[PDB]
Amino acid sequence: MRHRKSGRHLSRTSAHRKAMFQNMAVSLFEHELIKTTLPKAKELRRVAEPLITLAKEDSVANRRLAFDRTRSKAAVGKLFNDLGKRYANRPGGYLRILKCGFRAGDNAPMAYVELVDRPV
Amino acid sequence: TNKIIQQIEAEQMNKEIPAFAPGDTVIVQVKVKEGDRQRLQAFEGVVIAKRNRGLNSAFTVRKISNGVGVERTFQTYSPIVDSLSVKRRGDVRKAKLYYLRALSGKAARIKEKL
Amino acid sequence: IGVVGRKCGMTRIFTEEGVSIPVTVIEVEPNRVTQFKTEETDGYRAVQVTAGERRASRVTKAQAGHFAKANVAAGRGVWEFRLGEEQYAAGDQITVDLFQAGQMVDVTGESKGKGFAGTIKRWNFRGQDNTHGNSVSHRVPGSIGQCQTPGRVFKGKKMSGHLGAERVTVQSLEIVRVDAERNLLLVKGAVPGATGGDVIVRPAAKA
Amino acid sequence: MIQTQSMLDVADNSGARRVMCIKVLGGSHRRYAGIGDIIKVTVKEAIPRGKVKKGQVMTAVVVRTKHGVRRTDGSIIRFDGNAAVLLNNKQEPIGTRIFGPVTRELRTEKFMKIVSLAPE
Amino acid sequence: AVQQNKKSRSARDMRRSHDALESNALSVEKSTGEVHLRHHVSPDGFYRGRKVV
RNA sequence: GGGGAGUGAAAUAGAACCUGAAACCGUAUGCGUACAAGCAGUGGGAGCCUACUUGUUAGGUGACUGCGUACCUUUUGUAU
RNA sequence: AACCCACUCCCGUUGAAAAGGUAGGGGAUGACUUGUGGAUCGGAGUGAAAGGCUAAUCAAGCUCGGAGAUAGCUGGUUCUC
RNA sequence: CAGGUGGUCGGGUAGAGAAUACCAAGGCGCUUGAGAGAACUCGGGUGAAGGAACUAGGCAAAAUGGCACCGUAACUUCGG
RNA sequence: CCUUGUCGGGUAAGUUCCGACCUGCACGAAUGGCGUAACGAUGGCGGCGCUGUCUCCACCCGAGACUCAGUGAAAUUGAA
RNA sequence: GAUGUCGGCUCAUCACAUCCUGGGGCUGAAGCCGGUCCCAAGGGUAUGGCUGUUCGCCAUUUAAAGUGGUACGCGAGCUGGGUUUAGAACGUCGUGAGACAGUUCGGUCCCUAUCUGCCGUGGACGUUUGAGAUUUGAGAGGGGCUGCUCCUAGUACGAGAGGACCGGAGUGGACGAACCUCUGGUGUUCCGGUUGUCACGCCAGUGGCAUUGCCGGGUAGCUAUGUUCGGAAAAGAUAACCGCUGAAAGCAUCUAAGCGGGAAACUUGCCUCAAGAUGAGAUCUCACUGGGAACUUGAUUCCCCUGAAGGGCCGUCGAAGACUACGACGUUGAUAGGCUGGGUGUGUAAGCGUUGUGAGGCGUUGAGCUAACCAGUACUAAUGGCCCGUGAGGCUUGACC
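Residues numbered from 1 in each chain as written, not as in the entry; some residues may be left out. Chains lettered and ligands numbered in written order. Part of a larger assembly, values for the part shown. Heavy atoms only, no water. Residues with missing side-chain atoms left out of burial classes, pairs and counts.

- The record names cryo-EM as the way this model was obtained, at a resolution of 2.89 Å.

**Comments concerning the overall build of chain C**
For step 1, the next point in the chain: The number of helices and strands found in chain C is three helices and 12 strands.
For step 2, the next point in the chain: Whereas a compact globule of 207 residues would reach a radius of gyration of roughly 17 Å, chain C reaches 23 Å, over 25% beyond that.
For step 3, the next point in the chain: C-alpha extents for chain C along the principal axes are approximately 70 × 50 × 40 Å.
For step 4, the next point in the chain: Sequence separation of at least 24 residues holds for 70% of the intrachain contacts in chain C that already meet a minimum separation of 6. (Helix = DSSP H or I, 4+ residues; strand = E, 2+ residues; numbered from the N terminus. Rg over C-alpha atoms; globule rule 2.2 N^0.38 Å. Contact = heavy atoms within 4.5 Å.)

**Description of helix α1 (residues 14–31) of chain A**
All names here are of chain A.
For step 1, the next point in the chain: Helix length check: α1, at 18 residues, gives a terminal C-alpha distance of 26 Å against a target of 26 Å (1.5 Å per residue), a fit within 8%.
For step 2, the next point in the chain: Every buried residue of α1 is accounted for by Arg-17, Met-20, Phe-21, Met-24, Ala-25, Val-26, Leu-28 and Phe-29.
For step 3, the next point in the chain: Following α1 by one or two positions, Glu-32 adopts a phi angle in the positive range, close to 70 degrees. (Expected span 1.5 Å × (residues − 1). Buried < 20%, exposed > 50% of the residue type's maximum accessible area, 1.4 Å probe, protein only.)

**Concerning the pattern of salt bridges**
For step 1, the next point in the chain: Taken as a whole and judged by the stated rule, the model has 27 salt bridges over all chains.
For step 2, the next point in the chain: The salt bridge involving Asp-179 of chain C is made with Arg-182 of chain C; its shortest N-O contact spans 2.5 Å.
For step 3, the next point in the chain: We note a salt bridge from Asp-13 of chain E to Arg-12 of chain E, for which the minimum N-O separation is 2.8 Å.
For step 4, the next point in the chain: One connected set of salt bridges, linked through shared partners, spans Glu-32, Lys-78, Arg-86, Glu-114 and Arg-118 of chain A. (Salt bridge = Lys/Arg side-chain N within 4 Å of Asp/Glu carboxyl O.)

**What to know about the environment of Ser-59 of chain A**
Residue and element names in this part refer to chain A.
For step 1, the next point in the chain: With respect to the secondary-structure elements, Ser-59 resides in the loop between α3 (49–54) and α4 (60–66).
For step 2, the next point in the chain: Classification of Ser-59 as partly exposed rests on a relative accessible area of 24%.
For step 3, the next point in the chain: It is 38 Å that separates the C-alpha atoms of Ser-59 and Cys-100, two residues lying 41 residues apart in sequence.

**Side note on the UniProt feature "binding site: Mg(2+)" (unreviewed entry) in chain C**
All names here are of chain C.
For step 1, the next point in the chain: With numbering matched to this structure, UniProt assigns "binding site: Mg(2+)" (unreviewed entry) to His-138.
For step 2, the next point in the chain: Relative to the helices and strands, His-138 is located in the loop between α3 (119–123) and β9 (161–162).
For step 3, the next point in the chain: We classify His-138 as partly exposed; its relative accessible area is 28%.
For step 4, the next point in the chain: Once you skip the residues sitting within four places of it in the chain, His-138 turns out to touch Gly-127, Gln-128, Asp-129 and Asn-130.
For step 5, the next point in the chain: A polar contact is formed between the side chain of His-138 and the side chain of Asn-134, at a distance of 3.4 Å. (UniProt positions renumbered as here; feature names shortened; annotations may be inferred. Polar contact = N/O pair within 3.5 Å; in protein donor to acceptor, adjacent residues only side chain to side chain.)

**Regarding the protein's contact with RNA strand H**
For step 1, the next point in the chain: Lining the immediate surroundings of RNA strand H are 34 residues, of which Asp-106 of chain A, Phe-116, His-132 and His-138 of chain C together with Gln-3 of chain D lie closest.
For step 2, the next point in the chain: For RNA strand H, the fraction of atoms within 4 Å of the protein that belong to sugar or phosphate moieties is 74%.
For step 3, the next point in the chain: A distance of 3.1 Å separates a phosphate oxygen of RNA strand H from a polar atom in the backbone of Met-1 of chain A.
For step 4, the next point in the chain: Taking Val-136 of chain C, its main chain carries an N or O atom lying 3.3 Å from a phosphate oxygen of RNA strand H.
For step 5, the next point in the chain: For the surface near RNA strand H, the secondary structure elements donating two or more residues are α2 (38–42) of chain A together with β8 (116–117) of chain C. (Near = heavy atom within 4 Å.)

**Regarding the sheet that holds strand β11 (residues 184–188) of chain C**
Strands in a sheet are paired, the pairing made by backbone hydrogen bonds, and the direction either parallel or antiparallel.
All names here are of chain C.
For step 1, the next point in the chain: Pairing in this closed barrel of six strands is antiparallel, and the strands run β1-β2-β11-β10-β7-β12 around the ring. On average, each strand axis in the sheet is tilted by 50 degrees relative to the strand beside it, whichever way the strands run.
For step 2, the next point in the chain: Relative to strand β10 (residues 167–179), strand β7 (residues 104–110) runs antiparallel, the two sharing six bridges. Bridge pairing in β10 places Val-105 opposite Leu-173. (Pairing = 2+ DSSP bridges. Axes fitted to C-alpha atoms, helices over the stretch in contact; angles between N-to-C directions.)

**Overview of the interface of chain B and chain D**
For step 1, the next point in the chain: Chain B puts 18 residues into the contact, and the matching count from chain D is 15 residues.
For step 2, the next point in the chain: Taking both partners together, chain B and chain D bury about 1,400 Å²; carbon and sulfur atoms supply 45% of that area.
For step 3, the next point in the chain: For the pair chain B and chain D, the number of links is two salt bridges.
For step 4, the next point in the chain: Between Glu-71 of chain B and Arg-78 of chain D there is a salt bridge whose closest N-O contact spans 3.8 Å.
For step 5, the next point in the chain: Along the contact surface separating chain B from chain D lie nine residue pairs in polar contact.
For step 6, the next point in the chain: Among the elements of the structure, β3 (58–65) and β4 (68–75) of chain B are those that each provide at least two residues to the side of chain B that touches chain D.
For step 7, the next point in the chain: Considering every element that reaches the side of chain B that touches chain D, the biggest residue donor is β4 of chain B, with eight residues.
For step 8, the next point in the chain: Taken together, the residues that form the side of chain B that touches chain D break down as five nonpolar, seven polar and six charged. (Buried area = accessible area lost by both parts, 1.4 Å probe. Nonpolar A, V, L, I, M, F, W, Y, C, P; charged D, E, K, R; others polar.)

**Side note on a nonpolar patch on the surface**
For step 1, the next point in the chain: A cluster of nonpolar side chains, contributed by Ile-144, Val-153 and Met-159 of chain C, occupies part of the molecular surface with about 230 Å² of accessible area.
For step 2, the next point in the chain: For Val-153 of chain C, the position within the fold is in the loop between α3 and β9. (Patch = residues over 30% accessible without salt bridge, like charges linked within 9 Å, V, L, I, M, F, W, Y side chains within 5 Å. Areas by Shrake-Rupley, 256 points an atom, 1.4 Å probe, with all protein chains shown as cover.)

**Brief notes about the sheet that holds strand β1 (residues 25–32) of chain B**
For step 1, the next point in the chain: Strand order in this open sheet of seven strands is β5(B)-β1(B)-β2(B)-β3(B)-β4(B)-β6(D)-β5(D), and the pairing throughout is antiparallel. Edge positions in the sheet fall to β5 (81–88) of chain B together with β5 (69–70) of chain D, since each of these pairs with one other strand and no more.

**Some remarks on the pairing of strand β3 (residues 38–46) of chain D**
Residue and element names in this part refer to chain D.
For step 1, the next point in the chain: Pairing of strand β2 (residues 16–24) with β3 involves seven bridges; the strand directions are antiparallel. By the bridge assignment for β3, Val-24 is matched with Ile-39.
For step 2, the next point in the chain: Relative to strand β4 (residues 57–64), β3 is paired through five bridges, and the arrangement is antiparallel. Bridge assignment links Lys-40 to a residue of β4, and that residue is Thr-59.

**Side note on the pairing of β4 of chain B**
On a regular strand, one side chain projects to one face of the sheet and the next to the other, so that they alternate.
For step 1, the next point in the chain: By the criterion of burial, β4 of chain B is predominantly enclosed, with eight of the eight residues buried.
For step 2, the next point in the chain: Two strands pair when backbone bridges link them, and β3 of chain B and β4 of chain B are joined in this way by eight bridges, in the antiparallel orientation. Each residue of the ladder has a partner; that of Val-61 of chain B, found in β4 of chain B, is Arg-72 of chain B.
For step 3, the next point in the chain: Between β3 of chain B and β4 of chain B, which pair antiparallel in sequence order, lie two residues; one of them, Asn-66 of chain B, sits at a positive phi of approximately 60 degrees.
For step 4, the next point in the chain: Sheet topology places β4 of chain B next to strand β6 (residues 76–79) of chain D; four bridges connect them, and they run antiparallel. By the bridge assignment for β6 of chain D, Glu-71 of chain B is matched with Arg-78 of chain D.

Set out below in structure tokens:
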């Protein structure tokens, strides 16, 4: 009935979602501009935004906690050094989601999801 | 608004309730009133489960009378619970302590702290 | 006459004798009468009322002009109460002070909406067997009619569909506490709908 | 106990060791019996010489359930084991001793003999 | 379960009187002057007077 | 795959190519149709619209209304 | 276990499949399972036997002839007065 | 095309094992996808209190499950 | 066959079951008679354990359903 | 050129020749119970042991376990035990193939719903100018059950035995609606523990996979087995029945005029839907104040003129939902996500001091998450297009102008 229940299933198992939303989050801390699906980007910011909040307090108990929920060495050092020194005085909203038309193959609704202070 | 129904609850919540953890052996002093009297009855046993929801808070104590296991889920801020008193503190490292139900006499013994 | 409020939660009252009373609370910001309908101008006796707070961009000119006849500056919704013989000015203000303690009161809210329910959760039908060789008809309904006679399904047959958000009235609920300071009724039991849904409270129809 | 075919210990003195509910008394489609309710039993197991015998349709008051009984503050009292006290056609207990606790929902006008014998 | 009679083309076309398509909410960037979907990035990459990609 | 230009007597003879029917599917236009029950027509019949010439015509549509249960075969007999 | 089987449930029945799948199940050093080559055929083979099997066909295969068998039966028989 | 198709090779940790789990060498993402998270359907997971009251029938599901040692009835064709 | 024969046991209650009786419609000694350890995906009964079989279903997880994009059937059909 | 059995399951619907509850007459009706006959169809109206069963026989209930019709209601809803094709056996019958007032074991149940019907939910249009909102209620649906104790009263009644009607509580059962505070269930989105293994360079720490690997718990939500509420009283018209006055017919008679009492039936009462009630109703408010031409004067079409009230698309969402619709909101913003506290759940992380040969032992500490929960807002995403809707609302008659 899903009254007041949070989280999209996205037609995959719970372990697939957890694998995808850390593949998506690691890709976003690397590139800072990824183009994904619109429901899949709404569920990304409940994963990638609490990793930047965690990386604002540089600590050995935070770096191996962020590594527990990224399992990538490269994107923990991209945190705690860049994203956490950028966003130290920004209270949330580390990434913006911009809708960009529809995918050509199917008619999937796309979005750009993008960190806010990109150097460009 | 939740601010005005947690304020209704805070008005009813002016009773002491000393600090007690699951695993501890406690004595609940309950009120009984039927066949009109106002006497006070003890219920000594082991706290196996605490509910921590404010006014809706509760605890489950396990006693054994006469070879029969017996549970009362108490309501922490009800005036049936007149007073509460911890007899011996327990060392359990687990919140809900329902595994005692399959243990009978000496396997169902809690350690003490300190 | 009644009152318009909102289901603000579900609570308990412990008495001194030791019984916890199931309580829902209904916060009632002081309603304001808007139009008083008499038989000379409307055929029946009633009073329109309005429970406050509505932003100006959401109030239309026709709606805003109606709140302006009655100097009200009114909010969300408009509700009407059939009166027997009471007189209300069109700038008055009805509060919880219209109910006391004891008092049996009827509460009408919009029930919680279950989507499209089946015949088991909607009409309490008995499910069929789950293994004795049953095919794919586990919770499907059984037959919907007789045979060639009547040769069709009768009107009203109980089937599945929108079980849900319907106007439901719970009657004879006792009023355990009337708080005119925090603008609250505490009603014994459950009232229909979810938290914050608009809910109508008035004197018991069965006394 | 609670329903038919349910099997339940014997809390009073003489006769049975296990009885089985064959009928919940009271209403018409009545399906459950809690503490203080009257069931119809049959004696599934008994001692070598007692006041009842194995295989005997008798009446018993339910004194002690695992589903429990609820108090007016909301508190429940809940036992580890199902138990009844067998009765005669007076609905007076047959045994002269009660074993185990009982609840105060049983000290009514008809069952206070069970309460006055119980080591509650 | 089948037809006992074939559908008329009057009734075949009455069914698809609800199958007409809707248009999109289009709007024009004030800077560039190009049509795009409302609330979406332009096909050149502009969104509310700013190149975003 | 088309729009022209050329070619030819002809390209709505353009190669799936003479003629190019019917079912079937479209666009345009005129009239009817969203309070009215059934073999869908027929008798009566208003209004509207096109051509014409006088109007007591011709073509289209057919509001409204009377009567009206296809066809074959088989049968004592079939809306069946 | 492989392998060979095919007892039970459910799914599937316009199937993924003109007999399967999934979960369990029987035999599994033997009267076993199997590759390759060969032998036996239509009132005729073969059959630890069910009328079983003999190329998705079996109380007599398939194909082509007799042959447009026969049908006291069925259905249909086309312009007008 | 979830079928069928003879034979050969066969690493690591756990293991009796060529079972099984996870992996190496090696191979692969099964040629429609994206949402949504109704009934119902399918394949599963947990379940208060009862525990075969189900049903034609414990069908199905739940349970038991290893190794060592102890212990082990009737009956027996002396092997079980 | 009468028939759920009758009696005993098992159940609160047992057309089935077990043990008997003999009144064998219509058993009978290699179309073998009566027993029988072991065996059985064999038929019928009873018990323990176990349980969503059930009282009575509740919630949850995946695959369809529903929606959007692309592809695109079938049985049926006198006309509606 | 097919209308596929018996029974169970699931769902029913009607009848009244009534099983219970309600109103009565007569009794060989003292009372408690009954017998029998009227009136009455509102709601109720078992669970099991045997058998394939319908029935039946039994055990225990209940206020009561009614009788019928509906293709002996219902297999494009289920089952498939009985009958029942192919196998096999027993008794019997026949020389035989084979058969049966017979038994016995085994044995494939297809269909994606076009139309009518039904339960839901919409799109269009119409309601005579349009709009935002609130409603009247013609009509329609739901609902309607009942046991026990007590109190009158061991009083009426009866030699005693035995036992009331009539009257008001308060406690159940079955049923229904809402709900989630409580008691619990679930909680593959939370926190732990732990087995096997592979990885992250290694140690530590963690992560994949093993049904969520297996498990202990458990927030929000949904939920019952949890909680709360319900069935009415009351009114009107009646039914049998009981009359009052009262003739025809000096009297007698409920009746022929006239007047009454009288039931869960009927009409309201209670709940829900309800103006597509085309008979389309009613209120309060709002918004829009330019001209030529032909031809036939509801006069219309044509152009120039402008588009309001408002609605919708879109976006952020919802305790609303299949799509919709409904609801809230879109910077004059608190709608969602994040962030900041607060709670909750789990149960003392990591790291290092400490400690032992080693597995393992306190504090920091009752921590970091945070899932859905509760608290401000200019962190992020909700962009002041013109797409719809126009420019004062026909005529006739009447009353007051």
